[PDB]
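Peer 1: Please find final-v2.cif (mmCIF, C-alpha atoms and all ligand atoms) on the next line:
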```
data_input
loop_
_atom_site.label_atom_id
_atom_site.label_comp_id
_atom_site.auth_asym_id
_atom_site.auth_seq_id
_atom_site.Cartn_x
_atom_site.Cartn_y
_atom_site.Cartn_z
CA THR P 700 0.52 -25.37 0.61
CA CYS P 701 0.75 -22.60 -2.02
CA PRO P 702 -2.58 -21.30 -3.38
CA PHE P 703 -3.15 -21.38 -7.14
CA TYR P 704 -3.65 -17.61 -7.33
CA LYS P 705 0.13 -17.12 -6.33
CA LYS P 706 1.38 -19.30 -9.20
CA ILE P 707 2.07 -18.04 -12.75
CA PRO P 708 1.09 -20.77 -15.35
CA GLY P 709 3.75 -21.82 -17.86
CA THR P 710 6.66 -20.47 -15.83
CA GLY P 711 8.68 -21.49 -12.81
CA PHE P 712 7.45 -18.33 -11.02
CA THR P 713 5.58 -17.48 -7.86
CA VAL P 714 4.33 -14.14 -6.51
CA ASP P 715 4.38 -13.16 -2.83
CA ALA P 716 4.78 -16.88 -1.82
CA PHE P 717 7.45 -17.04 0.89
CA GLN P 718 5.49 -18.67 3.78
CA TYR P 719 5.13 -22.12 2.19
CA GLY P 720 8.75 -23.34 2.34
CA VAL P 721 10.16 -24.65 -0.90
CA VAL P 722 7.46 -24.45 -3.55
CA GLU P 723 7.52 -27.37 -6.00
CA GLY P 724 8.97 -26.31 -9.34
CA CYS P 725 9.50 -22.67 -8.33
CA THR P 726 12.78 -21.40 -9.82
CA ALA P 727 12.25 -17.66 -8.99
CA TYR P 728 10.23 -15.93 -6.25
CA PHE P 729 8.82 -12.43 -7.02
CA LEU P 730 7.92 -9.94 -4.23
CA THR P 731 5.51 -7.11 -5.15
CA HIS P 732 6.11 -4.94 -1.98
CA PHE P 733 7.42 -4.88 1.59
CA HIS P 734 4.24 -5.59 3.65
CA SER P 735 4.32 -8.55 6.17
CA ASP P 736 1.39 -10.51 4.65
CA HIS P 737 3.43 -10.61 1.39
CA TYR P 738 7.03 -11.09 2.62
CA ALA P 739 6.12 -13.51 5.53
CA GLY P 740 8.93 -16.09 5.52
CA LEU P 741 11.93 -14.18 4.09
CA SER P 742 15.19 -14.01 6.23
CA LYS P 743 18.98 -14.20 6.06
CA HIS P 744 18.69 -17.99 5.39
CA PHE P 745 16.72 -17.67 2.14
CA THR P 746 18.88 -18.88 -0.85
CA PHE P 747 16.58 -18.70 -3.89
CA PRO P 748 16.60 -15.73 -6.26
CA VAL P 749 14.18 -12.91 -5.26
CA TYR P 750 13.02 -10.46 -7.90
CA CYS P 751 11.67 -7.03 -6.82
CA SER P 752 11.98 -3.23 -7.11
CA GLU P 753 15.12 -1.33 -6.02
CA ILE P 754 13.31 0.01 -2.89
CA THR P 755 11.94 -3.40 -1.86
CA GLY P 756 15.49 -4.83 -2.28
CA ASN P 757 16.95 -2.12 0.04
CA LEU P 758 14.41 -3.15 2.63
CA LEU P 759 15.17 -6.92 2.20
CA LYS P 760 18.95 -6.27 2.66
CA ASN P 761 18.67 -3.84 5.56
CA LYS P 762 15.61 -4.95 7.58
CA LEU P 763 15.41 -8.75 7.03
CA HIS P 764 19.17 -9.24 6.33
CA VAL P 765 18.62 -11.21 3.11
CA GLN P 766 22.00 -11.67 1.46
CA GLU P 767 22.83 -9.39 -1.48
CA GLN P 768 23.73 -12.27 -3.86
CA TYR P 769 20.07 -13.50 -3.79
CA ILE P 770 18.42 -10.06 -4.32
CA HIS P 771 17.74 -9.17 -7.90
CA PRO P 772 16.38 -5.59 -8.14
CA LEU P 773 14.83 -4.49 -11.46
CA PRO P 774 14.30 -0.99 -12.87
CA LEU P 775 10.72 0.09 -13.47
CA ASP P 776 9.17 0.57 -16.91
CA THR P 777 11.93 -1.54 -18.49
CA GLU P 778 11.74 -4.84 -20.42
CA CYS P 779 13.90 -7.40 -18.57
CA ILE P 780 14.52 -11.17 -19.08
CA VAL P 781 14.17 -13.59 -16.17
CA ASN P 782 14.87 -17.34 -16.75
CA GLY P 783 14.03 -16.70 -20.33
CA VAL P 784 10.72 -14.90 -19.86
CA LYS P 785 10.29 -11.14 -20.57
CA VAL P 786 8.96 -9.20 -17.54
CA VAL P 787 8.15 -5.56 -16.79
CA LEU P 788 7.67 -3.89 -13.30
CA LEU P 789 5.09 -1.01 -13.23
CA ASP P 790 4.34 1.44 -10.42
CA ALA P 791 1.37 0.09 -8.30
CA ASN P 792 0.46 3.49 -6.56
CA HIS P 793 0.45 1.46 -3.20
CA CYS P 794 3.34 2.02 -0.72
CA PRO P 795 6.95 2.91 -1.60
CA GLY P 796 8.55 0.31 -3.83
CA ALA P 797 5.27 -1.47 -4.64
CA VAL P 798 4.95 -2.82 -8.19
CA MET P 799 2.61 -4.61 -10.61
CA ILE P 800 4.30 -7.31 -12.80
CA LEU P 801 3.66 -7.94 -16.50
CA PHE P 802 4.76 -11.44 -17.72
CA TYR P 803 5.13 -12.26 -21.50
CA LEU P 804 4.88 -16.04 -21.73
CA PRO P 805 6.83 -17.92 -24.41
CA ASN P 806 3.49 -19.07 -26.05
CA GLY P 807 2.10 -15.47 -26.50
CA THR P 808 -0.07 -15.21 -23.32
CA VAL P 809 0.33 -11.95 -21.44
CA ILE P 810 -0.39 -11.90 -17.65
CA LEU P 811 -0.71 -8.82 -15.32
CA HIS P 812 -0.34 -9.38 -11.52
CA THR P 813 -1.38 -6.12 -9.79
CA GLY P 814 0.08 -7.06 -6.40
CA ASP P 815 -1.57 -4.53 -4.00
CA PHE P 816 -2.60 -1.34 -6.02
CA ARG P 817 -4.70 1.80 -6.15
CA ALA P 818 -5.90 1.99 -9.74
CA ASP P 819 -5.43 5.37 -11.36
CA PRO P 820 -5.99 6.74 -14.86
CA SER P 821 -2.26 7.50 -15.15
CA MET P 822 -1.76 3.72 -15.49
CA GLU P 823 -3.70 3.85 -18.83
CA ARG P 824 -0.48 5.40 -20.24
CA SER P 825 2.35 3.05 -19.23
CA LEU P 826 3.52 -0.07 -21.11
CA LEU P 827 -0.05 -1.41 -20.48
CA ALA P 828 -1.47 0.63 -23.30
CA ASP P 829 0.74 -1.18 -25.91
CA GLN P 830 -0.74 -4.76 -25.77
CA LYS P 831 -3.51 -7.06 -24.78
CA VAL P 832 -3.74 -8.94 -21.43
CA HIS P 833 -5.19 -12.41 -21.27
CA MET P 834 -5.16 -12.97 -17.48
CA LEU P 835 -5.38 -10.39 -14.63
CA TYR P 836 -4.53 -11.32 -11.05
CA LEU P 837 -6.43 -8.55 -9.31
CA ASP P 838 -6.25 -6.83 -5.88
CA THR P 839 -9.93 -7.05 -4.96
CA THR P 840 -9.60 -5.67 -1.33
CA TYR P 841 -12.53 -3.19 -1.75
CA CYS P 842 -14.52 -5.01 -4.44
CA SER P 843 -18.05 -3.90 -3.29
CA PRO P 844 -19.92 -0.67 -4.17
CA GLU P 845 -20.14 0.54 -0.58
CA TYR P 846 -16.43 1.26 -0.71
CA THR P 847 -16.23 4.85 -1.87
CA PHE P 848 -13.49 7.11 -0.59
CA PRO P 849 -12.05 10.53 -1.41
CA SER P 850 -8.83 11.18 -3.33
CA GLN P 851 -5.59 11.12 -1.41
CA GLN P 852 -5.19 14.78 -2.19
CA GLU P 853 -8.53 15.80 -0.54
CA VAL P 854 -7.63 13.79 2.58
CA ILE P 855 -4.17 15.41 2.86
CA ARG P 856 -5.82 18.90 2.45
CA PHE P 857 -8.09 18.10 5.33
CA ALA P 858 -5.23 16.88 7.58
CA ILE P 859 -2.88 19.90 6.82
CA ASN P 860 -5.69 22.46 7.45
CA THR P 861 -6.77 20.75 10.71
CA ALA P 862 -3.21 20.43 12.13
CA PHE P 863 -2.19 24.01 11.01
CA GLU P 864 -5.36 25.46 12.65
CA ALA P 865 -4.89 23.50 15.88
CA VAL P 866 -1.20 24.40 16.40
CA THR P 867 -1.75 28.06 15.46
CA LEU P 868 -4.48 28.27 18.19
CA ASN P 869 -2.31 26.39 20.66
CA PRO P 870 1.47 26.46 20.05
CA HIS P 871 1.89 23.93 22.89
CA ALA P 872 -0.18 21.23 21.13
CA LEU P 873 1.58 18.02 19.82
CA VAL P 874 0.52 16.25 16.62
CA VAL P 875 0.83 12.42 16.57
CA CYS P 876 0.41 10.16 13.54
CA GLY P 877 -0.02 6.36 13.83
CA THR P 878 1.90 3.89 11.66
CA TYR P 879 2.26 0.10 11.33
CA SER P 880 3.94 -0.56 8.02
CA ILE P 881 5.56 1.50 5.26
CA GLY P 882 2.95 3.45 3.17
CA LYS P 883 0.91 6.62 3.87
CA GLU P 884 4.10 8.65 4.53
CA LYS P 885 2.50 11.73 2.87
CA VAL P 886 0.17 12.09 5.87
CA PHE P 887 2.90 12.85 8.36
CA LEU P 888 5.33 14.51 5.89
CA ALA P 889 2.69 17.04 4.64
CA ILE P 890 1.68 18.01 8.22
CA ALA P 891 5.36 18.47 9.21
CA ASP P 892 6.04 20.62 6.13
CA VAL P 893 3.11 22.99 6.91
CA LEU P 894 4.11 23.38 10.59
CA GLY P 895 7.82 23.89 9.77
CA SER P 896 8.81 20.89 11.91
CA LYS P 897 10.59 17.55 11.34
CA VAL P 898 8.87 14.25 12.11
CA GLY P 899 10.26 12.56 15.19
CA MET P 900 10.34 8.78 15.48
CA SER P 901 12.14 5.68 16.82
CA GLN P 902 15.58 4.77 15.41
CA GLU P 903 13.98 1.58 13.92
CA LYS P 904 11.35 3.55 11.99
CA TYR P 905 13.96 6.16 10.90
CA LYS P 906 16.16 3.39 9.44
CA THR P 907 13.14 1.98 7.54
CA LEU P 908 12.42 5.37 6.00
CA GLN P 909 16.11 5.85 5.03
CA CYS P 910 15.81 2.65 2.96
CA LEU P 911 13.21 4.29 0.65
CA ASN P 912 15.11 6.81 -1.69
CA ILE P 913 12.56 9.62 -0.73
CA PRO P 914 14.25 12.91 -1.80
CA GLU P 915 14.96 15.32 0.99
CA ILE P 916 14.38 12.81 3.74
CA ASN P 917 17.27 13.91 5.96
CA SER P 918 15.25 17.18 5.55
CA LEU P 919 11.87 15.91 6.90
CA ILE P 920 12.58 13.18 9.50
CA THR P 921 14.57 12.82 12.76
CA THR P 922 15.16 10.73 15.86
CA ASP P 923 15.30 13.80 18.11
CA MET P 924 11.83 13.77 19.54
CA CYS P 925 12.62 16.98 21.55
CA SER P 926 13.07 19.18 18.56
CA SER P 927 9.91 17.88 16.83
CA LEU P 928 6.17 18.72 17.12
CA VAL P 929 4.99 15.89 14.85
CA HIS P 930 5.64 12.41 16.41
CA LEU P 931 5.10 9.02 14.77
CA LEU P 932 3.95 6.18 17.04
CA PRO P 933 2.80 2.60 16.53
CA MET P 934 -0.79 2.41 15.37
CA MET P 935 -1.66 0.42 18.57
CA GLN P 936 -0.72 3.31 20.83
CA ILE P 937 -3.31 5.64 19.02
CA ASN P 938 -5.99 5.52 21.73
CA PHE P 939 -6.64 7.60 24.85
CA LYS P 940 -4.53 5.53 27.29
CA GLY P 941 -1.55 5.25 24.91
CA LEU P 942 -1.63 8.98 24.14
CA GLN P 943 -2.12 10.18 27.79
CA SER P 944 1.04 8.15 28.50
CA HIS P 945 3.06 9.61 25.65
CA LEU P 946 2.06 13.08 26.78
CA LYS P 947 3.35 12.27 30.28
CA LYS P 948 6.67 11.37 28.65
CA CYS P 949 7.17 14.80 27.05
CA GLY P 950 7.85 16.49 30.43
CA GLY P 951 5.44 19.42 30.21
CA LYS P 952 6.62 20.55 26.78
CA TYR P 953 3.04 20.04 25.50
CA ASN P 954 -0.49 20.28 26.99
CA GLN P 955 -2.68 18.91 24.18
CA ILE P 956 -2.47 16.06 21.57
CA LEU P 957 -4.14 16.00 18.19
CA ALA P 958 -3.73 12.48 16.69
CA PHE P 959 -4.38 11.00 13.26
CA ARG P 960 -5.21 7.34 12.45
CA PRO P 961 -5.11 6.86 8.68
CA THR P 962 -7.49 3.92 8.06
CA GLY P 963 -8.44 2.18 4.80
CA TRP P 964 -12.25 2.51 5.08
CA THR P 965 -14.79 3.29 7.81
CA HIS P 966 -18.70 3.15 7.28
CA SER P 967 -18.74 6.87 8.23
CA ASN P 968 -17.89 7.27 4.45
CA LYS P 969 -21.39 5.95 3.54
CA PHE P 970 -22.99 8.92 5.36
CA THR P 971 -20.27 11.64 5.46
CA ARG P 972 -18.06 13.87 3.18
CA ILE P 973 -14.39 14.52 4.17
CA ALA P 974 -15.30 18.13 5.03
CA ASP P 975 -17.74 16.71 7.62
CA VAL P 976 -15.34 14.41 9.64
CA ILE P 977 -15.01 15.08 13.42
CA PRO P 978 -12.76 13.63 16.10
CA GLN P 979 -13.22 11.54 19.19
CA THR P 980 -12.22 13.68 22.18
CA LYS P 981 -11.40 13.00 25.87
CA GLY P 982 -9.86 15.71 28.00
CA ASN P 983 -6.96 17.33 26.07
CA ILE P 984 -6.70 14.47 23.47
CA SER P 985 -8.47 14.39 20.08
CA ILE P 986 -8.30 11.41 17.57
CA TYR P 987 -9.23 11.79 13.89
CA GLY P 988 -9.80 8.65 11.75
CA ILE P 989 -9.07 9.69 8.19
CA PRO P 990 -9.86 7.63 5.04
CA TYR P 991 -6.42 7.58 3.43
CA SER P 992 -6.48 4.44 1.22
CA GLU P 993 -3.59 2.81 -0.72
CA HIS P 994 -6.07 0.39 -2.39
CA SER P 995 -8.55 0.99 -5.22
CA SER P 996 -12.06 2.13 -4.40
CA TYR P 997 -14.79 0.02 -6.10
CA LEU P 998 -15.28 2.63 -8.84
CA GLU P 999 -11.51 3.01 -9.50
CA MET P 1000 -11.15 -0.81 -9.75
CA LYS P 1001 -14.15 -1.07 -12.11
CA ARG P 1002 -12.72 1.68 -14.42
CA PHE P 1003 -9.34 -0.07 -14.57
CA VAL P 1004 -10.74 -3.42 -15.51
CA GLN P 1005 -13.24 -1.99 -18.10
CA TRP P 1006 -10.25 -0.15 -19.76
CA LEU P 1007 -7.91 -3.20 -19.67
CA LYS P 1008 -10.55 -5.76 -20.89
CA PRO P 1009 -8.86 -8.89 -19.67
CA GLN P 1010 -10.07 -12.29 -20.88
CA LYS P 1011 -9.95 -13.80 -17.40
CA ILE P 1012 -9.89 -12.26 -13.84
CA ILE P 1013 -8.37 -14.12 -10.87
CA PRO P 1014 -9.04 -12.33 -7.53
CA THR P 1015 -6.25 -12.32 -4.95
CA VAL P 1016 -8.15 -10.84 -1.93
CA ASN P 1017 -11.38 -11.93 -0.15
CA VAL P 1018 -11.15 -15.41 -1.78
CA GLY P 1019 -11.70 -17.40 1.42
CA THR P 1020 -15.57 -17.45 1.59
CA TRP P 1021 -18.05 -18.74 -1.02
CA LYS P 1022 -20.22 -15.70 -0.49
CA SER P 1023 -17.35 -13.23 -1.15
CA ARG P 1024 -16.11 -15.13 -4.18
CA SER P 1025 -19.67 -15.32 -5.68
CA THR P 1026 -20.27 -11.59 -4.98
CA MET P 1027 -17.02 -10.62 -6.79
CA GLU P 1028 -17.78 -12.90 -9.81
CA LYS P 1029 -21.20 -11.22 -10.22
CA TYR P 1030 -19.53 -7.75 -10.35
CA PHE P 1031 -16.96 -8.99 -12.92
CA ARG P 1032 -19.85 -10.17 -15.18
CA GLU P 1033 -21.66 -6.83 -14.82
CA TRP P 1034 -18.50 -4.94 -15.76
CA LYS P 1035 -17.89 -7.06 -18.83
CA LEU P 1036 -21.56 -6.77 -20.05
CA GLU P 1037 -21.64 -3.07 -19.45
CA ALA P 1038 -18.34 -2.51 -21.36
CA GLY P 1039 -19.10 -4.93 -24.24
CA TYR P 1040 -15.97 -7.17 -24.10
NI NI F 1 -0.04 -4.10 0.93
#
```
Would you encode the structure as structure tokens?

Peer 2:
Amino acid sequence: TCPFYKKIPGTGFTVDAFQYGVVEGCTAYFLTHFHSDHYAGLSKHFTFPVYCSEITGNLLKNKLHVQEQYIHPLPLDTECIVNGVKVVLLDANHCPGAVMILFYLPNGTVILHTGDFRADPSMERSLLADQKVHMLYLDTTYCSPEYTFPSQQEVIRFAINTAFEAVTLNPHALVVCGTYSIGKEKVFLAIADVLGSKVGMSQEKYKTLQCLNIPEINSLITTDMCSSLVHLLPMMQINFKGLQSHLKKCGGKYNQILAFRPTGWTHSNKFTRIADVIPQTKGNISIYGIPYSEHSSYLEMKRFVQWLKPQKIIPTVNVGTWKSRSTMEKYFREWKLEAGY
């Protein structure tokens, strides 16, 4: 049955709640972003209204075959009215099409659901600046102080410099990047741009990327693996057996693979700067795990909440153990005492 933290009090709304069948008293189902833990349960047979971004709606139509008449895309940064309640969709700095949702309840309560997000100071100048928030449904994925990671920009610098150096030393090397859902596209697109190549991939993944509006995408991506020296593969195939096999498939066009696995976090971060990261190597295959996160670090999350000053925080991640829940609640108290709200 539907958890309380997916239900918006005083409305008929739910958020990311499609795996529970027909939710009692739900008149409209919101979807924050196109990741499988959030959309689990949508299909061509769904006949309730779905509210989402333009990008997420392109993905619903094209990949899951949801019928057009049930998809209700909304523009960002725009006040809209849904079943008589004012709503606003805000950029979540997660994956393409990911949003936060602001709900303005008929009684005066204002609710922010972050969906999945990576908090950033740019958010402190959207429609959030203009009013108070009573309840915050918060993406608490990395809500512990051990989770520090670099900026996205520093990580992309590291990847571009590493790939450019490797291919300049050996023009017969291949670069591979792992993927398992939309998000983290900058990794592979920035590498391709510096090498003057397109990114080669499966027709299924190419279709997925064409759903996203990204400007100049016919320019960066392709299904012709032959013409490409950056290849995208399923994350599961990013290991020595998987990559030896792929290399066999390229018919002696290449003699070396350099592969990247963008991960959320790895405990190497507790003891290492980005500048200091090294690969795992076996034969002519090297694998780099890079800390490219699309979720807030602990410090970024803390800053967001101390700026917003919500009256109540409802975590949406790590809620399944008493120890995790208690840990998070202790941090929320610290943050409030330290900021004076
Ligand atoms: Ni997500």

Peer 1: Set the cut-off to 7 Å, count all atoms listed in the file, and list whatever residues fall near ligand NI 1 (chain F) as a ChimeraX atom specification.

Peer 2: /P:732,734,793,815

Peer 1: Please, what distance in Å, to one decimal, runs between CA of residue 910 in chain P and CA of residue 879 in chain P?

Peer 2: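 Separation between CA of residue 910 in chain P and CA of residue 879 in chain P: 16.1 Å.
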
Peer 1: If we draw a sphere of 10 Å around (0.2, 12.1, 0.0), which residues have at least one atom in it when counting only C-alpha atoms? Please report them as number ranges by chain.

Peer 2: P: 850-856, 882-889, 991

Peer 1: Take the residues from that selection and put them in a file with C-alpha atoms, as a short mmCIF file (atom, residue, chain, number, x, y, z; two decimals), keeping the file's coordinate frame.

Peer 2:
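Saved to part.cif:
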```cif
data_model
loop_
_atom_site.label_atom_id
_atom_site.label_comp_id
_atom_site.auth_asym_id
_atom_site.auth_seq_id
_atom_site.Cartn_x
_atom_site.Cartn_y
_atom_site.Cartn_z
CA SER P 850 -8.83 11.18 -3.33
CA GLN P 851 -5.59 11.12 -1.41
CA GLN P 852 -5.19 14.78 -2.19
CA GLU P 853 -8.53 15.80 -0.54
CA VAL P 854 -7.63 13.79 2.58
CA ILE P 855 -4.17 15.41 2.86
CA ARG P 856 -5.82 18.90 2.45
CA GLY P 882 2.95 3.45 3.17
CA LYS P 883 0.91 6.62 3.87
CA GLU P 884 4.10 8.65 4.53
CA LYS P 885 2.50 11.73 2.87
CA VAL P 886 0.17 12.09 5.87
CA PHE P 887 2.90 12.85 8.36
CA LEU P 888 5.33 14.51 5.89
CA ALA P 889 2.69 17.04 4.64
CA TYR P 991 -6.42 7.58 3.43
#
```

Peer 1: Determine the nearest neighbour of residue 756 in chain P from the options P:960, P:805, P:952, P:768, counting all atoms listed in the file.

Peer 2: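 Among the listed residues, the smallest separation from residue 756 in chain P belongs to P:768.
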
Peer 1: Could you pull out every residue with an atom within 7 Å of (12.2, 7.9, 18.6), file coordinates, counting only C-alpha atoms, and send them as an MDAnalysis selection string?

Peer 2: chainID P and resid 899:902 922:924

Peer 1: At what distance in Å, to one decimal, does CA of residue 804 in chain P lie from CA of residue 790 in chain P?

Peer 2: 20.8 Å

Peer 1: With distances taken over all atoms listed in the file, which residue among P:772, P:761, P:878, P:783 lies nearest residue 726 in chain P?

Peer 2: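 Answer, going by the shortest atom-to-atom distance: P:783.
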
Peer 1: Taking 3 positions as the minimum chain separation for residues in the same chain, which residues sit within 12 Å of residue 1038 in chain P when counting all atoms listed in the file? Answer as a JSON list (two decimals) with C-alpha atoms, keeping the file's coordinate frame.

Peer 2:
```
[["chain", "number", "residue", "atom", "x", "y", "z"],
["P", 1001, "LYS", "CA", -14.15, -1.07, -12.11],
["P", 1002, "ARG", "CA", -12.72, 1.68, -14.42],
["P", 1003, "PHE", "CA", -9.34, -0.07, -14.57],
["P", 1004, "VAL", "CA", -10.74, -3.42, -15.51],
["P", 1005, "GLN", "CA", -13.24, -1.99, -18.10],
["P", 1006, "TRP", "CA", -10.25, -0.15, -19.76],
["P", 1007, "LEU", "CA", -7.91, -3.20, -19.67],
["P", 1008, "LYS", "CA", -10.55, -5.76, -20.89],
["P", 1009, "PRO", "CA", -8.86, -8.89, -19.67],
["P", 1031, "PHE", "CA", -16.96, -8.99, -12.92],
["P", 1032, "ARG", "CA", -19.85, -10.17, -15.18],
["P", 1033, "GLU", "CA", -21.66, -6.83, -14.82],
["P", 1034, "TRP", "CA", -18.50, -4.94, -15.76],
["P", 1035, "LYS", "CA", -17.89, -7.06, -18.83]]
```

Peer 1: Which of these residues is nearest to residue 858 in chain P, using only C-alpha atoms: P:918, P:763, P:904, P:987?

Peer 2: P:987

Peer 1: Might you pull out every residue within 10 Å of range 795-798 of chain P, with only C-alpha atoms counted and same-chain residues fewer than 5 positions away left off, and present them as number ranges by chain?

Peer 2: P: 730-734, 751-758, 775, 787-790, 812-816, 881-884, 908, 910-913

Peer 1: With C-alpha atoms retained, could you export that selection as a short mmCIF file (atom, residue, chain, number, x, y, z; two decimals), in the coordinates of the input?

Peer 2:
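After the write, out.cif holds the following:
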```
data_model
loop_
_atom_site.label_atom_id
_atom_site.label_comp_id
_atom_site.auth_asym_id
_atom_site.auth_seq_id
_atom_site.Cartn_x
_atom_site.Cartn_y
_atom_site.Cartn_z
CA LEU P 730 7.92 -9.94 -4.23
CA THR P 731 5.51 -7.11 -5.15
CA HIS P 732 6.11 -4.94 -1.98
CA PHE P 733 7.42 -4.88 1.59
CA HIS P 734 4.24 -5.59 3.65
CA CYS P 751 11.67 -7.03 -6.82
CA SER P 752 11.98 -3.23 -7.11
CA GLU P 753 15.12 -1.33 -6.02
CA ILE P 754 13.31 0.01 -2.89
CA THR P 755 11.94 -3.40 -1.86
CA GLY P 756 15.49 -4.83 -2.28
CA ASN P 757 16.95 -2.12 0.04
CA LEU P 758 14.41 -3.15 2.63
CA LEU P 775 10.72 0.09 -13.47
CA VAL P 787 8.15 -5.56 -16.79
CA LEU P 788 7.67 -3.89 -13.30
CA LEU P 789 5.09 -1.01 -13.23
CA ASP P 790 4.34 1.44 -10.42
CA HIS P 812 -0.34 -9.38 -11.52
CA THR P 813 -1.38 -6.12 -9.79
CA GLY P 814 0.08 -7.06 -6.40
CA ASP P 815 -1.57 -4.53 -4.00
CA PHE P 816 -2.60 -1.34 -6.02
CA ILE P 881 5.56 1.50 5.26
CA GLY P 882 2.95 3.45 3.17
CA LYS P 883 0.91 6.62 3.87
CA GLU P 884 4.10 8.65 4.53
CA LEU P 908 12.42 5.37 6.00
CA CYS P 910 15.81 2.65 2.96
CA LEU P 911 13.21 4.29 0.65
CA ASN P 912 15.11 6.81 -1.69
CA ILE P 913 12.56 9.62 -0.73
#
```

Peer 1: Contacts of residue 806 in chain P at 12 Å or less, counting all atoms listed in the file, minus same-chain residues fewer than 2 places along, as number ranges by chain?

Peer 2: P: 708-710, 784-785, 802-804, 808-810, 833

Peer 1: Could you save those same residues with C-alpha atoms as a short mmCIF file (atom, residue, chain, number, x, y, z; two decimals), keeping the file's coordinate frame?

Peer 2:
```
data_model
loop_
_atom_site.label_atom_id
_atom_site.label_comp_id
_atom_site.auth_asym_id
_atom_site.auth_seq_id
_atom_site.Cartn_x
_atom_site.Cartn_y
_atom_site.Cartn_z
CA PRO P 708 1.09 -20.77 -15.35
CA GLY P 709 3.75 -21.82 -17.86
CA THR P 710 6.66 -20.47 -15.83
CA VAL P 784 10.72 -14.90 -19.86
CA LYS P 785 10.29 -11.14 -20.57
CA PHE P 802 4.76 -11.44 -17.72
CA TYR P 803 5.13 -12.26 -21.50
CA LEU P 804 4.88 -16.04 -21.73
CA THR P 808 -0.07 -15.21 -23.32
CA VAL P 809 0.33 -11.95 -21.44
CA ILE P 810 -0.39 -11.90 -17.65
CA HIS P 833 -5.19 -12.41 -21.27
#
```

Peer 1: Between CA of residue 725 in chain P and CA of residue 762 in chain P, measure the distance and give it in Å to one decimal.

Peer 2: 24.6 Å

Peer 1: If we count all atoms listed in the file, what is near range 926-937 of chain P at a cut-off of 8 Å, once residues fewer than 6 positions away on the same chain are taken out, given as a list in words?

Peer 2: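 Residues meeting the cut-off are residues 872, 873, 874, 875, 876, 877, 878, 879, 887, 890, 891, 896, 897, 898, 899, 900, 958, 959, 960 and 986 of chain P.
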
Peer 1: Find the residue from P:980, P:1010, P:954, P:921 that sits nearest to residue 938 in chain P; use all atoms listed in the file when measuring.

Peer 2: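 Result for the nearest residue to residue 938 in chain P: P:980.
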
Peer 1: Near residue 965 in chain P, within 9 Å and counting all atoms listed in the file, which residues show up once chain neighbours fewer than 4 positions away are dropped, as a PDB file with C-alpha atoms, in the frame of the given file?

Peer 2:
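What follows is the written file selection12.pdb:
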```
ATOM      1  CA  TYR P 846     -16.430   1.260  -0.710  1.00  0.00           C
ATOM      2  CA  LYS P 969     -21.390   5.950   3.540  1.00  0.00           C
ATOM      3  CA  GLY P 988      -9.800   8.650  11.750  1.00  0.00           C
ATOM      4  CA  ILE P 989      -9.070   9.690   8.190  1.00  0.00           C
ATOM      5  CA  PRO P 990      -9.860   7.630   5.040  1.00  0.00           C
TER       6      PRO P 990
END
```

Peer 1: Under the rule that only C-alpha atoms are counted, which of P:1011, P:994, P:981, P:906 is the nearest residue to residue 819 in chain P?

Peer 2: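 Of the candidates, the smallest distance to residue 819 in chain P is held by P:994.
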
Peer 1: Given the choices P:895, P:749, P:993, P:946, which gets closest to residue 791 in chain P if the distance is worked out from only C-alpha atoms?

Peer 2: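 Selected residue with least distance to residue 791 in chain P: P:993.
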